[PDB]
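Asker: PDB, C-alpha atoms, file protein21.pdb:
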```
ATOM      1  CA  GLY A   1       0.000   0.000   0.000  1.00  0.00           C
ATOM      2  CA  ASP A   2       0.713   3.648   0.254  1.00  0.00           C
ATOM      3  CA  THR A   3       2.956   5.358   2.799  1.00  0.00           C
ATOM      4  CA  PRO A   4       0.747   7.662   4.856  1.00  0.00           C
ATOM      5  CA  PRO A   5       1.720  11.274   5.680  1.00  0.00           C
ATOM      6  CA  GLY A   6       3.559  11.585   9.014  1.00  0.00           C
ATOM      7  CA  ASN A   7       0.770  13.543  10.649  1.00  0.00           C
ATOM      8  CA  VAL A   8      -1.792  10.924   9.732  1.00  0.00           C
ATOM      9  CA  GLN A   9       0.454   8.090  10.938  1.00  0.00           C
ATOM     10  CA  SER A  10       0.973   9.935  14.236  1.00  0.00           C
ATOM     11  CA  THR A  11      -2.744  10.145  14.970  1.00  0.00           C
ATOM     12  CA  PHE A  12      -3.254   6.547  13.830  1.00  0.00           C
ATOM     13  CA  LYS A  13      -0.525   5.285  16.158  1.00  0.00           C
ATOM     14  CA  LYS A  14      -2.289   6.993  19.084  1.00  0.00           C
ATOM     15  CA  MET A  15      -5.658   5.399  18.192  1.00  0.00           C
ATOM     16  CA  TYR A  16      -4.305   1.930  17.424  1.00  0.00           C
ATOM     17  CA  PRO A  17      -0.843   1.551  18.997  1.00  0.00           C
ATOM     18  CA  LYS A  18      -0.818  -2.255  18.598  1.00  0.00           C
ATOM     19  CA  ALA A  19      -2.084  -2.479  15.008  1.00  0.00           C
ATOM     20  CA  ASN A  20       0.138  -4.322  12.531  1.00  0.00           C
ATOM     21  CA  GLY A  21      -0.175  -5.278   8.908  1.00  0.00           C
ATOM     22  CA  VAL A  22      -1.808  -1.942   8.138  1.00  0.00           C
ATOM     23  CA  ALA A  23      -2.567  -1.263   4.468  1.00  0.00           C
ATOM     24  CA  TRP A  24      -2.909   2.447   3.609  1.00  0.00           C
ATOM     25  CA  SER A  25      -4.691   4.058   0.615  1.00  0.00           C
ATOM     26  CA  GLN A  26      -6.451   7.328  -0.175  1.00  0.00           C
ATOM     27  CA  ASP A  27      -9.767   8.369  -1.771  1.00  0.00           C
ATOM     28  CA  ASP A  28     -11.296  11.808  -2.323  1.00  0.00           C
ATOM     29  CA  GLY A  29      -8.458  13.359  -0.324  1.00  0.00           C
ATOM     30  CA  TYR A  30      -8.916  11.212   2.787  1.00  0.00           C
ATOM     31  CA  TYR A  31      -6.446   8.474   3.953  1.00  0.00           C
ATOM     32  CA  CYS A  32      -7.627   4.977   4.937  1.00  0.00           C
ATOM     33  CA  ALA A  33      -5.891   2.499   7.232  1.00  0.00           C
ATOM     34  CA  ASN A  34      -7.072  -1.116   6.752  1.00  0.00           C
ATOM     35  CA  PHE A  35      -6.179  -3.746   9.388  1.00  0.00           C
ATOM     36  CA  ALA A  36      -7.495  -6.313  11.899  1.00  0.00           C
ATOM     37  CA  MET A  37      -7.922  -5.554  15.630  1.00  0.00           C
ATOM     38  CA  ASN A  38      -9.173  -7.952  18.357  1.00  0.00           C
ATOM     39  CA  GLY A  39     -10.852 -10.163  15.781  1.00  0.00           C
ATOM     40  CA  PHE A  40     -12.468  -7.472  13.567  1.00  0.00           C
ATOM     41  CA  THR A  41     -11.493  -5.850  10.272  1.00  0.00           C
ATOM     42  CA  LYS A  42     -11.309  -2.094  10.423  1.00  0.00           C
ATOM     43  CA  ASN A  43     -11.000   0.815   7.968  1.00  0.00           C
ATOM     44  CA  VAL A  44     -10.043   4.001   9.719  1.00  0.00           C
ATOM     45  CA  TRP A  45     -10.091   7.263   7.792  1.00  0.00           C
ATOM     46  CA  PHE A  46      -8.265  10.594   8.297  1.00  0.00           C
ATOM     47  CA  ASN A  47      -8.111  14.004   6.667  1.00  0.00           C
ATOM     48  CA  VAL A  48      -4.963  15.820   5.507  1.00  0.00           C
ATOM     49  CA  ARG A  49      -4.713  17.576   8.900  1.00  0.00           C
ATOM     50  CA  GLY A  50      -4.227  14.132  10.462  1.00  0.00           C
ATOM     51  CA  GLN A  51      -7.675  14.281  12.073  1.00  0.00           C
ATOM     52  CA  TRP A  52      -9.797  11.161  12.393  1.00  0.00           C
ATOM     53  CA  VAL A  53     -12.969  11.326  10.266  1.00  0.00           C
ATOM     54  CA  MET A  54     -14.571   7.828  10.528  1.00  0.00           C
ATOM     55  CA  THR A  55     -14.046   4.253  11.469  1.00  0.00           C
ATOM     56  CA  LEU A  56     -15.801   1.323   9.827  1.00  0.00           C
ATOM     57  CA  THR A  57     -15.761  -1.999  11.659  1.00  0.00           C
ATOM     58  CA  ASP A  58     -16.825  -5.201   9.940  1.00  0.00           C
ATOM     59  CA  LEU A  59     -19.162  -6.972  12.350  1.00  0.00           C
ATOM     60  CA  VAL A  60     -20.003  -9.654   9.700  1.00  0.00           C
ATOM     61  CA  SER A  61     -23.215 -11.013  11.236  1.00  0.00           C
ATOM     62  CA  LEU A  62     -26.503 -10.193  12.996  1.00  0.00           C
ATOM     63  CA  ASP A  63     -25.395 -11.685  16.295  1.00  0.00           C
ATOM     64  CA  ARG A  64     -23.041  -8.664  16.679  1.00  0.00           C
ATOM     65  CA  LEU A  65     -25.923  -6.171  16.625  1.00  0.00           C
ATOM     66  CA  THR A  66     -27.536  -4.674  19.683  1.00  0.00           C
ATOM     67  CA  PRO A  67     -30.965  -6.023  20.424  1.00  0.00           C
ATOM     68  CA  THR A  68     -32.468  -2.694  19.348  1.00  0.00           C
ATOM     69  CA  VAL A  69     -30.994  -2.818  15.864  1.00  0.00           C
ATOM     70  CA  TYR A  70     -31.535  -6.581  15.570  1.00  0.00           C
ATOM     71  CA  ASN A  71     -35.195  -6.334  16.512  1.00  0.00           C
ATOM     72  CA  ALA A  72     -35.701  -3.551  13.973  1.00  0.00           C
ATOM     73  CA  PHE A  73     -34.082  -5.682  11.248  1.00  0.00           C
ATOM     74  CA  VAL A  74     -36.119  -8.781  11.967  1.00  0.00           C
ATOM     75  CA  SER A  75     -39.381  -6.732  12.019  1.00  0.00           C
ATOM     76  CA  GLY A  76     -38.599  -4.877   8.747  1.00  0.00           C
ATOM     77  CA  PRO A  77     -38.898  -5.749   5.025  1.00  0.00           C
ATOM     78  CA  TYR A  78     -35.514  -7.484   4.735  1.00  0.00           C
ATOM     79  CA  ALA A  79     -36.017  -9.761   7.808  1.00  0.00           C
ATOM     80  CA  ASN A  80     -35.735 -12.908   5.678  1.00  0.00           C
ATOM     81  CA  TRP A  81     -32.944 -11.778   3.338  1.00  0.00           C
ATOM     82  CA  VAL A  82     -29.376 -13.218   3.455  1.00  0.00           C
ATOM     83  CA  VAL A  83     -27.056 -10.998   5.387  1.00  0.00           C
ATOM     84  CA  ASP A  84     -23.763 -10.576   3.510  1.00  0.00           C
ATOM     85  CA  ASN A  85     -22.137  -8.074   5.824  1.00  0.00           C
ATOM     86  CA  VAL A  86     -22.729  -5.826   8.814  1.00  0.00           C
ATOM     87  CA  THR A  87     -20.650  -2.661   9.231  1.00  0.00           C
ATOM     88  CA  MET A  88     -20.565  -0.277  12.194  1.00  0.00           C
ATOM     89  CA  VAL A  89     -19.689   3.288  11.077  1.00  0.00           C
ATOM     90  CA  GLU A  90     -18.523   5.744  13.706  1.00  0.00           C
ATOM     91  CA  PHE A  91     -17.696   9.441  13.449  1.00  0.00           C
ATOM     92  CA  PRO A  92     -16.249  12.223  15.638  1.00  0.00           C
ATOM     93  CA  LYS A  93     -19.428  14.272  15.447  1.00  0.00           C
ATOM     94  CA  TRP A  94     -22.193  12.529  13.429  1.00  0.00           C
ATOM     95  CA  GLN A  95     -24.311   9.711  14.912  1.00  0.00           C
ATOM     96  CA  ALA A  96     -23.150   6.153  14.241  1.00  0.00           C
ATOM     97  CA  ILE A  97     -24.726   4.197  11.395  1.00  0.00           C
ATOM     98  CA  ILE A  98     -25.135   0.449  11.063  1.00  0.00           C
ATOM     99  CA  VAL A  99     -24.953  -0.709   7.437  1.00  0.00           C
ATOM    100  CA  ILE A 100     -26.386  -4.137   6.722  1.00  0.00           C
ATOM    101  CA  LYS A 101     -25.727  -5.534   3.257  1.00  0.00           C
ATOM    102  CA  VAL A 102     -28.388  -7.997   2.187  1.00  0.00           C
ATOM    103  CA  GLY A 103     -29.078 -10.255  -0.773  1.00  0.00           C
ATOM    104  CA  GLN A 104     -31.316 -13.257  -1.555  1.00  0.00           C
ATOM    105  CA  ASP A 105     -30.241 -16.796  -2.148  1.00  0.00           C
ATOM    106  CA  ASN A 106     -30.252 -17.414  -5.880  1.00  0.00           C
ATOM    107  CA  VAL A 107     -30.437 -13.776  -7.117  1.00  0.00           C
ATOM    108  CA  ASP A 108     -27.770 -11.135  -7.527  1.00  0.00           C
ATOM    109  CA  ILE A 109     -29.747  -8.172  -6.135  1.00  0.00           C
ATOM    110  CA  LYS A 110     -27.922  -6.544  -3.175  1.00  0.00           C
ATOM    111  CA  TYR A 111     -29.032  -3.631  -0.952  1.00  0.00           C
ATOM    112  CA  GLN A 112     -27.291  -1.637   1.752  1.00  0.00           C
ATOM    113  CA  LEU A 113     -29.599  -0.881   4.657  1.00  0.00           C
ATOM    114  CA  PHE A 114     -28.627   2.174   6.797  1.00  0.00           C
ATOM    115  CA  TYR A 115     -29.868   1.890  10.370  1.00  0.00           C
ATOM    116  CA  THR A 116     -29.553   4.257  13.289  1.00  0.00           C
ATOM    117  CA  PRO A 117     -28.558   2.878  16.703  1.00  0.00           C
ATOM    118  CA  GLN A 118     -32.201   3.323  17.739  1.00  0.00           C
ATOM    119  CA  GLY A 119     -33.221   0.894  14.974  1.00  0.00           C
ATOM    120  CA  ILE A 120     -34.598   3.394  12.431  1.00  0.00           C
ATOM    121  CA  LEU A 121     -34.095   2.396   8.818  1.00  0.00           C
ATOM    122  CA  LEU A 122     -33.073   5.741   7.331  1.00  0.00           C
ATOM    123  CA  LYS A 123     -32.482   4.657   3.712  1.00  0.00           C
ATOM    124  CA  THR A 124     -31.416   1.814   1.444  1.00  0.00           C
ATOM    125  CA  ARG A 125     -29.321   1.706  -1.690  1.00  0.00           C
ATOM    126  CA  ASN A 126     -29.043  -0.869  -4.506  1.00  0.00           C
ATOM    127  CA  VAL A 127     -25.390  -1.900  -4.640  1.00  0.00           C
ATOM    128  CA  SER A 128     -25.750  -4.798  -7.061  1.00  0.00           C
ATOM    129  CA  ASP A 129     -23.402  -3.024  -9.616  1.00  0.00           C
ATOM    130  CA  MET A 130     -21.650  -0.559  -7.363  1.00  0.00           C
ATOM    131  CA  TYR A 131     -18.034  -0.585  -6.283  1.00  0.00           C
ATOM    132  CA  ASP A 132     -16.481   1.341  -3.410  1.00  0.00           C
ATOM    133  CA  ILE A 133     -19.645   1.298  -1.308  1.00  0.00           C
ATOM    134  CA  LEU A 134     -18.273   2.230   2.117  1.00  0.00           C
ATOM    135  CA  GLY A 135     -15.996   5.241   1.321  1.00  0.00           C
ATOM    136  CA  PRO A 136     -15.977   9.031   1.716  1.00  0.00           C
ATOM    137  CA  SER A 137     -18.481   9.436  -1.132  1.00  0.00           C
ATOM    138  CA  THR A 138     -21.030   7.418   0.865  1.00  0.00           C
ATOM    139  CA  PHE A 139     -20.616   9.169   4.237  1.00  0.00           C
ATOM    140  CA  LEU A 140     -18.528  12.370   4.048  1.00  0.00           C
ATOM    141  CA  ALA A 141     -19.798  14.227   0.949  1.00  0.00           C
TER     142      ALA A 141
END
```
Go ahead and express the file in the form of structure tokens.

Answerer:
Amino acid sequence: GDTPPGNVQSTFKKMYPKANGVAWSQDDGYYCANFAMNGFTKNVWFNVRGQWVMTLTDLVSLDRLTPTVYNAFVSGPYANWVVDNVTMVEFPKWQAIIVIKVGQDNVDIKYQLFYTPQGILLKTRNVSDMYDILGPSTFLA
């Protein structure tokens, strides 16, 4: 991967002092650190001032959700869909978002479901033919 700017690396090392195997890239002017920490894959993003802008943690499955978000999922329209991924998205200022990616056995349709921590389904997006679906363009623009 890329070599991050020193100021970005400095902040990252304070957040995640024990991280290893970190793969760095950039998109839309933000820098992303990809790595595993205590059993979970993380993508941690920074701006050019070395300030943390978001962290995305791959929770993988519905068992990792709070009851509140779980209960909302199982009572909503996608309750019986196949869950491909579950991502927790955290920010310095904005409220966290839980992104559940769902599909159906035997068809290629995929949606991202954007839930609040209180279990409100804010919006969904078809991501069947989309790439780069958890970057700055999704959350920071």

Asker: Report, in Å with one decimal, the straight-line distance from atom CA of residue A:66 to atom CA of residue A:40.

Answerer: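 For atom CA of residue A:66 relative to atom CA of residue A:40, the distance reads 16.5 Å.
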
Asker: Once the PyMOL selection byres ((chain A and resi 51-55) around 8) has been applied to the shown file, what residues remain in the selection, as a VMD selection string?

Answerer: chain A and resid 8 11 42 to 50 56 to 57 88 to 92

Asker: Write to file, as a PDB file, in the frame of the given file, the residues of the selection just made, with C-alpha atoms.

Answerer:
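Result file out-v9.pdb:
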```pdb
ATOM      1  CA  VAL A   8      -1.792  10.924   9.732  1.00  0.00           C
ATOM      2  CA  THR A  11      -2.744  10.145  14.970  1.00  0.00           C
ATOM      3  CA  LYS A  42     -11.309  -2.094  10.423  1.00  0.00           C
ATOM      4  CA  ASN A  43     -11.000   0.815   7.968  1.00  0.00           C
ATOM      5  CA  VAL A  44     -10.043   4.001   9.719  1.00  0.00           C
ATOM      6  CA  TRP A  45     -10.091   7.263   7.792  1.00  0.00           C
ATOM      7  CA  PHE A  46      -8.265  10.594   8.297  1.00  0.00           C
ATOM      8  CA  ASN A  47      -8.111  14.004   6.667  1.00  0.00           C
ATOM      9  CA  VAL A  48      -4.963  15.820   5.507  1.00  0.00           C
ATOM     10  CA  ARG A  49      -4.713  17.576   8.900  1.00  0.00           C
ATOM     11  CA  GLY A  50      -4.227  14.132  10.462  1.00  0.00           C
ATOM     12  CA  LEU A  56     -15.801   1.323   9.827  1.00  0.00           C
ATOM     13  CA  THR A  57     -15.761  -1.999  11.659  1.00  0.00           C
ATOM     14  CA  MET A  88     -20.565  -0.277  12.194  1.00  0.00           C
ATOM     15  CA  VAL A  89     -19.689   3.288  11.077  1.00  0.00           C
ATOM     16  CA  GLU A  90     -18.523   5.744  13.706  1.00  0.00           C
ATOM     17  CA  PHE A  91     -17.696   9.441  13.449  1.00  0.00           C
ATOM     18  CA  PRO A  92     -16.249  12.223  15.638  1.00  0.00           C
TER      19      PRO A  92
END
```

Asker: Do you have the atom CA of residue A:13-atom CA of residue A:1 distance handy?

Answerer: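 According to the coordinates, atom CA of residue A:13 and atom CA of residue A:1 are separated by 17.0 Å.
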
Asker: Of the candidates A:85, A:107, A:101, A:135, which one gets nearest to residue A:64 if we count all atoms listed in the file?

Answerer: A:85

Asker: Find the residue from A:124, A:82, A:15, A:38 that sits nearest to residue A:105; use all atoms listed in the file when measuring.

Answerer: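 Smallest separation from residue A:105 among the options: A:82.
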
Asker: Could you tell me which of A:21, A:103, A:67, A:77 comes closest to residue A:35 if we count only C-alpha atoms?

Answerer: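 Nearest to residue A:35: A:21.
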
Asker: What does the PyMOL selection byres ((chain A and resi 117) around 8) select in this file, as an MDAnalysis selection string?

Answerer: chainID A and resid 68:69 96:98 115:116 118:120

Asker: Given the choices A:95, A:75, A:9, A:137, which gets closest to residue A:27 if the distance is worked out from all atoms listed in the file?

Answerer: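 Among A:95, A:75, A:9, A:137, it is A:137 that comes nearest to residue A:27.
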